[PDB]
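> So the protein sequences, as listed, match chains CJ and LX.
Going letter by letter, the first sequence gives residues 2 to 277, 362 to 423, 448 to 522, 582 to 594, 606 to 673 in the deposited numbering.
Last residue of the second sequence? That's 156 in the deposited numbering, and every number before it is there in order.
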Amino acid sequence: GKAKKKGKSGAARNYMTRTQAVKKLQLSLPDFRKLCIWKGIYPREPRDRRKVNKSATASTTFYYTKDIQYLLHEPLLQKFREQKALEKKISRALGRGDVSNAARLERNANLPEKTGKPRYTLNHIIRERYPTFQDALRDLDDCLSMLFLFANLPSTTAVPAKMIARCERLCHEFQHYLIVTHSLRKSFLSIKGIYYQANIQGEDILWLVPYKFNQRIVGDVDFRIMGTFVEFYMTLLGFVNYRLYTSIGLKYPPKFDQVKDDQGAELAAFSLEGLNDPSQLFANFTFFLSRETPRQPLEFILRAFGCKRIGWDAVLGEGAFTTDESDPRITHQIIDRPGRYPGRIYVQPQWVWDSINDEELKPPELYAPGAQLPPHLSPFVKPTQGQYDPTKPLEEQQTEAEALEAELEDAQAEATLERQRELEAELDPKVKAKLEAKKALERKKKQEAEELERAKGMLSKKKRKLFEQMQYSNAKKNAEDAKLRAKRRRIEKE
Amino acid sequence: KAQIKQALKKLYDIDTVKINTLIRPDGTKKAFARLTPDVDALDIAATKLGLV
RNA sequence: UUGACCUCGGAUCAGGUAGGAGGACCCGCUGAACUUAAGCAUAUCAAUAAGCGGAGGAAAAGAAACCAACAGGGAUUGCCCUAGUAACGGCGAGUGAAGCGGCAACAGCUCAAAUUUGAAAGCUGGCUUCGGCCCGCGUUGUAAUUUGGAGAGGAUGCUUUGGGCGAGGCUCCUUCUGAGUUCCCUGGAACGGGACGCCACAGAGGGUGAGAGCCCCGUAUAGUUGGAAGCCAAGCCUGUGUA
RNA sequence: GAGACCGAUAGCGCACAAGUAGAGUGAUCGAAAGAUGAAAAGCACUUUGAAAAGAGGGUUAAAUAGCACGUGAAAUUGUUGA
RNA sequence: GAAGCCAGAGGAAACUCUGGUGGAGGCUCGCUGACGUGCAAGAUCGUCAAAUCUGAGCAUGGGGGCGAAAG
RNA sequence: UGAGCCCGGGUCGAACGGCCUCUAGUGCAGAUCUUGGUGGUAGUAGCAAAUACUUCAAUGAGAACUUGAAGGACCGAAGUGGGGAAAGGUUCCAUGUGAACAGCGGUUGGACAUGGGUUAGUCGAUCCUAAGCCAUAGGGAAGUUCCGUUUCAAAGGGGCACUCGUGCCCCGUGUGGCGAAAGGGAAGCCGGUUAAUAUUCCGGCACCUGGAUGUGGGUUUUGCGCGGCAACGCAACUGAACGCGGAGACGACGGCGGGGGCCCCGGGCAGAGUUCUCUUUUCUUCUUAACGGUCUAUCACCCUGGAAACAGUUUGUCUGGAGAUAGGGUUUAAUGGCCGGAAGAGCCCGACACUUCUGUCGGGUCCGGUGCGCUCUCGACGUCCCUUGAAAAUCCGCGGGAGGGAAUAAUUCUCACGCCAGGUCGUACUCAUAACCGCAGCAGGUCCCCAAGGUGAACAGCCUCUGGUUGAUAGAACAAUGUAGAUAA
RNA sequence: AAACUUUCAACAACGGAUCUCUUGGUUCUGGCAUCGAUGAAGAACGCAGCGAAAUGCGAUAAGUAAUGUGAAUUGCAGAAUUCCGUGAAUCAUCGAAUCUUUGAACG
Numbered sequence: 002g003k004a005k006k007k008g009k010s011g012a013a014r015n016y017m018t019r020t021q022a023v024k025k026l027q028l029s030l031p032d033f034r035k036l037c038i039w040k041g042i043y044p045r046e047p048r049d050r051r052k053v054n055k056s057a058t059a060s061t062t063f064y065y066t067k068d069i070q071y072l073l074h075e076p077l078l079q080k081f082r083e084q085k086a087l088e089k090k091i092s093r094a095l096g097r098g099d100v101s102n103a104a105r106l107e108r109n110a111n112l113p114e115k116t117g118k119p120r121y122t123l124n125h126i127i128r129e130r131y132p133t134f135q136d137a138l139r140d141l142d143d144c145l146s147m148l149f150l151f152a153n154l155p156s157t158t159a160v161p162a163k164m165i166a167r168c169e170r171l172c173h174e175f176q177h178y179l180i181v182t183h184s185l186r187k188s189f190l191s192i193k194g195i196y197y198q199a200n201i202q203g204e205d206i207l208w209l210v211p212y213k214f215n216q217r218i219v220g221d222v223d224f225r226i227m228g229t230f231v232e233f234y235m236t237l238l239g240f241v242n243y244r245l246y247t248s249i250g251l252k253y254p255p256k257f258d259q260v261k262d263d264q265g266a267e268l269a270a271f272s273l274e275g276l277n362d363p364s365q366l367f368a369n370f371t372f373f374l375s376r377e378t379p380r381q382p383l384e385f386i387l388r389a390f391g392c393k394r395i396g397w398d399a400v401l402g403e404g405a406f407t408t409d410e411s412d413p414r415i416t417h418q419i420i421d422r423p448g449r450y451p452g453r454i455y456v457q458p459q460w461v462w463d464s465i466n467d468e469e470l471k472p473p474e475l476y477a478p479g480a481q482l483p484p485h486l487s488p489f490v491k492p493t494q495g496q497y498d499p500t501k502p503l504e505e506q507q508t509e510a511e512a513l514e515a516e517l518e519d520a521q522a582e583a584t585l586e587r588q589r590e591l592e593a594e606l607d608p609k610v611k612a613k614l615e616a617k618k619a620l621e622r623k624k625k626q627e628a629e630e631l632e633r634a635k636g637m638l639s640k641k642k643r644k645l646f647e648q649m650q651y652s653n654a655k656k657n658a659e660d661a662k663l664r665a666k667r668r669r670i671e672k673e
Numbered sequence: 105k106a107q108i109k110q111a112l113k114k115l116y117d118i119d120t121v122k123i124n125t126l127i128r129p130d131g132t133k134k135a136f137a138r139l140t141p142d143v144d145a146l147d148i149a150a151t152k153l154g155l156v
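1) Rank 130/CJ, 380/CJ and 378/CJ by C-alpha distance to the C-alpha of residue 345/CJ and give the top, closest one.
2) Alpha carbon to alpha carbon, what distance is there between residue 659/CJ and residue 409/CJ?
3) Per DSSP, what kind of secondary structure is residue 18/CJ in: helix, strand or coil?
4) Give me the Cα-Cα distance between residue 121/LX and residue 142/LX, rounded to the nearest whole angstrom.
5) Less than 8 Å separating the beta-carbons of residue 366/CJ and residue 395/CJ?
6) On the criterion of 16 or more Cβ atoms from any shown chain inside 10 Å, does residue 64/CJ qualify as buried, or is it exposed?
7) Measure from the alpha carbon of residue 229/CJ to the alpha carbon of each residue in 621/CJ, 669/CJ and 31/CJ, then state which is nearest.
8) Please state whether the Cβ-Cβ distance between residue 273/CJ and residue 175/CJ is less than 8 Å.
9) Assuming the contact rule is C-beta atoms closer than 8 Å, residue 108/LX and residue 135/LX should be a hit. Round their C-beta distance to whole Å, please.
10) Quick check on DSSP: helix, strand or coil for residue 38/CJ?
11) Taking all protein chains shown into account, decide if residue 649/CJ is buried (16 or more other Cβ within 10 angstroms of its Cβ) or exposed.
12) Assess, as a yes-or-no matter, whether the region 606-617 of chain CJ is touched by the region 116-131 of chain LX under the definition of 3 or more beta carbon pairs within less than 8 Å.
13) Quick check on residue 199/CJ: does DSSP put it in helix, strand or coil?
14) Can you tell me whether residue 56/CJ is buried or exposed? The criterion is at least 16 other CB atoms within 10 Å of its CB, across all chains shown.
15) Just grab the DSSP bridge partners of residue 417/CJ for me.
16) Taking the alpha carbon of residue 222/CJ as the reference point, which residue from 593/CJ, 202/CJ, 159/CJ and 208/CJ has its own alpha carbon closest?
17) Starting from residue 592/CJ, trace the beta strand (DSSP E) both ways and give me its first and last residue.
18) What would DSSP say about residue 135/LX, mapped onto helix, strand or coil?
19) What number of angstroms, rounded off, separates the C-alpha of residue 591/CJ from the C-alpha of residue 584/CJ?
20) Using a threshold of 8 Å, state whether the C-beta atoms of residue 62/CJ and residue 19/CJ are closer than that.
21) How about the region 455-466 of chain CJ and the region 404-420 of chain CJ: do they share at least three Cβ pairs that are nearer than 8 Å?
22) Roughly how many angstroms lie between the CA atoms of residue 122/CJ and residue 128/CJ, to the nearest whole one?
23) Only counting runs of 4 or more residues, tell me where the alpha helix (DSSP H) segments fall wholly within the region 119-169 of chain CJ, in order along the chain.
24) Just to confirm my understanding: we take residue 241/CJ, look at its own chain, exclude 5 residues before and 5 after, and list those with CB closer than 6 Å. What are they?
25) Who pairs with residue 204/CJ in a beta bridge, going by DSSP?
26) For residue 108/CJ and residue 44/CJ, what's the separation of their Cα atoms in angstroms?
27) Grouping DSSP H, G and I as helix and E and B as strand, with all else coil, what is residue 395/CJ?
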């Protein structure tokens, strides 16, 4: 019988601390972070951190040993070492003055600043992370959120301007794929931006794109982590677009006319050729779009659901079907300002989003300019019994106590027995019926409370602790709901 | 003992409760494999071992 | 702040090398005594044995800071005489060469010392589709030219070229190649005796029941079959650059 | 490949399961020991004997060749005869 | 069988005796030579060996003369 | 003449001779010659001590030394007994043989031949270091190698970090290995079983170490639990780096006390033995493991209180205002008591069975006493010494506060239960007047464990219980002598 | 007279001399140049149907692959080989392999 030591088996050689992993790999912390981000390696919670490492605190991060083995066997680490040696060589050449050799060594070093592409090829990494196009589609949500954010963000040292341009390119190509295949489904406006949900091969992809302003950047936000994420998501989205285009039959990449890009076409700078219910909403229509309106979102929506003839002001850029506002061959015009051509339907953009939302042409006279717009709903929360729904009415979603209380409000808008007997010796129908109803309901509530107290006493210690936690959570939920229907009540009385 | 158990299970389909091993004076190893109660040593010896 | 160069380190870094055995002969180091003779001592044994280090099919030496004194010879090595001569030794015990001369065998060369300076022209890697791509070493000197019975540089006019296949051949293993088991006697068994023959560029040797050229393997000369690797080579393709 | 060599006390210590058996703590020391017969044809069967073996019988040219085996001296010994 | 302790009796005390309790000892039982000193014609005093038994592991010092040793 | 030469008879089987030259390892009575073989002495000397053997039967061709029974002797717990260390190596065990060995024989053997036999998480090795030694850094040496062991060695670790700038921090040496089958050390007991193995096989009942993980329980919206004056108590009741401590870890002797075994004495049950006579008689059985639960305490420590008219107290000593006596409590526990184990076991006795595998059923296994007795362990006290009494592996606690949270739960809780696993090597036998060494199967040497009783003053002598011998070449004649040396008779 | 001692002869013993033989030694001569970290020389343990030693080999273990020959090995046992054939053999050659523990011996 071997006398095995205490901490030499089990979780000890199952998990490894972050410092131990970094020392084993012989990496700088930035390099370890980049490799973990690219490979999707994440910290784990062991069952007992003391058994894993007797000197481990509550703030110690633990990493899987087999994941550290994958990192050790990754070829990208040898690539990193080669790049570091090369950078030392350029430093040597520049410090001595050999400008031509420095330029050649940079050409070999393949920097994102000049190429516009990520410095490292991540083909095998993406293949092993998502061996299925379904998995690629399943993480496109975060991928697209990142690329739209950085396509709107300015340029940094970690994130080159050319790489911003390539992110914008990839976002536009993905938008064209959505336009052509009509796989965009639903949209929503928020105080955070615009949320788009599309359905690609049965997979729902949801992403957010900010409003076009100077997305303010404050605080200790580090763009190197974001830069690594952007690089990975750029390669991922490039392959997703390639596969989607070769599936539809179109040619990838679509031609990019730098000229029309210069006069600012964005989506209209791409011509997609081939290889040798949703699309009826606005097909037989003609849309013209003001200067104050978000051209990129609105154009994306209209081109996704049918409108093939969209025009706008010259300041928005090239690609307008017509720039003349007075043009008599127009159906609808979008404004949000506080020549009044008769043959025209003037609409506010909530009309466009509510039409895309409900798949039914919304009432324009209700959605008319200068009118207090009706509330905008969120096309994302499903009807969940037991939680507030803004669409169903109070009469079928109240609580019984508030119902009786509202009834008595609308109506107004032993001791008595003995005293009446002694004195005798010496509106009303409804109001009464309601007040006896109130006291009877209160009596029922008191009886229920008594039964609940009897049971909660008929629990044990930890069991009752868990039960009290459930009561606290449910009480907070119904309290928020009660606040909601109270505000409904005051809205509806006014 | 672990290899003896694995070989007995994989090849001749014998389940053993335990194994006791010794080294004979001539240099060969002798292993007593005590089997599970479900199986019968006589039946296994007659069928797979060819021993009467 | 950064970056060079110098020096010194790390790596289970990429690729390699050394140890041990054998030691008959060979190259070095170290190093006795017994014995012999002599008043004594040096000497002799012996620059040996024992011990230590280092190579090969040979080793080592080797192309004069030589021999010589002639009419001169001409790297090294080994044999013959030189010669028991010169020479050193109580001119004891004793020790003890070499030049010449005859033979065997023969073969000559490379660097450092000059500046390519009108062009580091050189070389190690490792990446290769093999065709060429980069990392470097190196100017504190890698190529080409020259090595003192020489040489360089200019001028001059004659004279010489370089690669790739390669039929075939030589060397060595292997296949095959003559003739009595004729008759009689002794004998357990003829391979012995007698008779009549045959082969022989083969009458060496061995086996077979006794001394066998002709029973068997073999043995002699010429070929003949297939294979092995080195070397040579008729011819045939090419050549190139003011080299 | 050979020899005016030696021929089992010779020739290498070793013609053989010889650097073996064996001795020494160890460095080391270190032997003895070849031959039936052409061919095992190495004696079937019978008898005595506990067996070992013996006697008939048989193999072979020979058992005056029986695996204590070619030939088989002397020392020494037994029987027989003088 | 010694120190130490207790009690009785004399001594002003220090002590002395007796009776004990105690169980420490370079204490017992079982089966000489070599020198040195000598202060004389040799006396006395000192020094040197004889150094728990035993299994398994381990280390060290070795001759002579010279010299104060250091060497 | 001679050294010699030739022929005959027998044996035998394969080569040999004469003549003239050539050649040499060429001629034997000696050398206390070499090797081998063989004699007389000579069937001679001789074949020891451990007192000692005898009768019947069986096996066998054969019996003093083969076996069974009986008789007489012996070792006498300081063994002629039961086991180990070292060393040996199959000698152990079953069957067969009797060519050689066992100074005689042999049916016997440690012989020879053929088969078999050694079962482990708990027993050792494996792990740790001790005295000591070896490599590495360096330095000598012509060199094989020597000095050197922490040295003028860049020698070893660990942590932190939103990826702000691909860094920055601390901590400490002799930086490794060897050296112990008696030192340190996690954990297994009882019964039964084979021809040969038993803490290993089977049955019953346990334990330890390591890992993974769930339930219950504890804490938590007062953040990390309560009680007691205190000694401290409990089912667990945050705790990083860093630091401290404990155990491992320890001398010899003396008497004293506690406890467990052994010895002794008595009663009771069952059986056996003597018995002319006597002996309410003599002997034997009457046992209870690991592990778990519960109860049990000297030392020590705490509270009240305050002592000389000094007290307490041991076999002895000593202790006490640096807190005694006294009163009241806390705490360290085993080989102690009770229960489970566990009577179902082991042992004793009786009855019934009869081709075999071999059985079935009844009863009992109880109660005391004592000690200048023996032995193991524990405890307080005293004395002495070379005077704080080896080291390391390993386990635990404490200080310090870095960090840390739970609303269809969190938990860095050493609590209960649940899950999994535990490899390698040795295991036979002897350990000696036959298994080791000594030239050997030698009256010799060789380390340790256990250790009954009677007579008896006795640790003097003698004799028995358990266990083990009857073995030293045997028969006939007589067998109790002689000499020498010691010894206070 | 027998026995005993001695002598001569025949047979039989003991012993291994002589003669004969020799898959051995010894000496001379000739051609050639070839150990080892790609793990040598040496030591150890295993491997055959029945083997102790010598020999061969290394868990692919008296051996595998390839080439050549052409019908065996042998003590016994059991299998072959169709022989008009990739094919026996304790066969030869030998260019591919297997190659346990140490040993310069190297975690």
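Where is the CB? At the ideal position from N, CA and C, for every residue including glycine.
Reading it off the structure:
1) In the model as presented, chain CJ runs from 277 straight to 362, which leaves residue 345/CJ without coordinates.
2) The residue given as residue 409/CJ occupies position 324 in the first sequence. The residue given as residue 659/CJ occupies position 480 in the first sequence. Going by the C-alpha atoms only, they are around 52 Å apart.
3) On the first sequence, residue 18/CJ is found 17 positions in, with the first residue counted as 1. Looking at residue 18/CJ - three-state DSSP - the assignment turns out to be strand.
4) Within the second sequence, the letter at position 17 stands for residue 121/LX. Within the second sequence, the letter at position 38 stands for residue 142/LX. For residue 121/LX and residue 142/LX, the distance between alpha carbons rounds to 11 Å.
5) Here the question's residue 366/CJ lines up with position 281 in the first sequence. Here the question's residue 395/CJ lines up with position 310 in the first sequence. Contact: no.
6) As a working note, residue 64/CJ is residue 63 in the first sequence. Residue 64/CJ is buried by the Cβ-count criterion.
7) Here residue 229/CJ refers to the residue found at position 228 when the first sequence is read from its first residue. Among 621/CJ, 669/CJ and 31/CJ, the Cα nearest to that of residue 229/CJ belongs to 31/CJ.
8) Position 272 of the first sequence, counted from the start, is the residue given in the question as residue 273/CJ. Position 174 of the first sequence, counted from the start, is the residue given in the question as residue 175/CJ. Their beta carbons are not under 8 Å apart, which means residue 273/CJ does not touch residue 175/CJ by this criterion.
9) For the purposes of this step, residue 108/LX is taken as residue 4 along the second sequence, with counting starting at 1. For the purposes of this step, residue 135/LX is taken as residue 31 along the second sequence, with counting starting at 1. Indeed they touch by this definition, with Cβ atoms about 5 Å apart.
10) Residue mapping note: residue 38/CJ aligns to position 37 of the first sequence, counting from 1. Looking at residue 38/CJ - three-state DSSP - the assignment turns out to be helix.
11) Sequence index remark: in the first sequence, residue 649/CJ carries index 470 (1-based). Exposed, because fewer than 16 other Cβ atoms sit within 10 Å of the Cβ of residue 649/CJ.
12) Too few Cβ pairs lie closer than 8 Å, so no.
13) Here residue 199/CJ refers to the residue found at position 198 of the first sequence. In this structure, residue 199/CJ counts as strand in the three-state DSSP scheme.
14) Start at 1 with the first residue of the first sequence, and residue 56/CJ comes out as number 55. Residue 56/CJ comes out exposed.
15) Locating residue 417/CJ in the first sequence gives position 332, counting from the first residue. The partner list for residue 417/CJ (beta bridge, DSSP) reads 372/CJ and 454/CJ.
16) Stepping through the first sequence from its first residue, residue 222/CJ is reached at position 221. Here the closest residue by C-alpha is 159/CJ.
17) Walking along the first sequence from the start, residue 592/CJ turns up at place 424. Run containing residue 592/CJ: none in the beta strand (DSSP E); it sits in the alpha helix (DSSP H), 583-593.
18) In the second sequence, residue 135/LX corresponds to position 31, counting from 1. Strand at residue 135/LX.
19) For the purposes of this step, residue 591/CJ is taken as the residue at position 423 of the first sequence. For the purposes of this step, residue 584/CJ is taken as the residue at position 416 of the first sequence. Cα to Cα, residue 591/CJ sits roughly 10 Å from residue 584/CJ.
20) Counted from its first residue, the first sequence places residue 62/CJ at position 61. Counted from its first residue, the first sequence places residue 19/CJ at position 18. Yes, they are a contact pair.
21) yes
22) Within the first sequence, numbered from 1, the residue matching residue 122/CJ stands at position 121. Within the first sequence, numbered from 1, the residue matching residue 128/CJ stands at position 127. Cα-Cα distance, rounded: 12 Å.
23) 124-130 and 134-153
24) Reading the first sequence from its first residue, position 240 is the one you call residue 241/CJ. The answer, listed in chain order, is 137.
25) Position 203 of the first sequence, counted from the start, is the residue given in the question as residue 204/CJ. 201/CJ.
26) Sequence index remark: in the first sequence, residue 108/CJ carries index 107 (1-based). Sequence index remark: in the first sequence, residue 44/CJ carries index 43 (1-based). Rounded to the nearest angstrom, the two C-alpha atoms are 37 Å apart.
27) Here residue 395/CJ refers to the residue found at position 310 of the first sequence. It is a strand residue.
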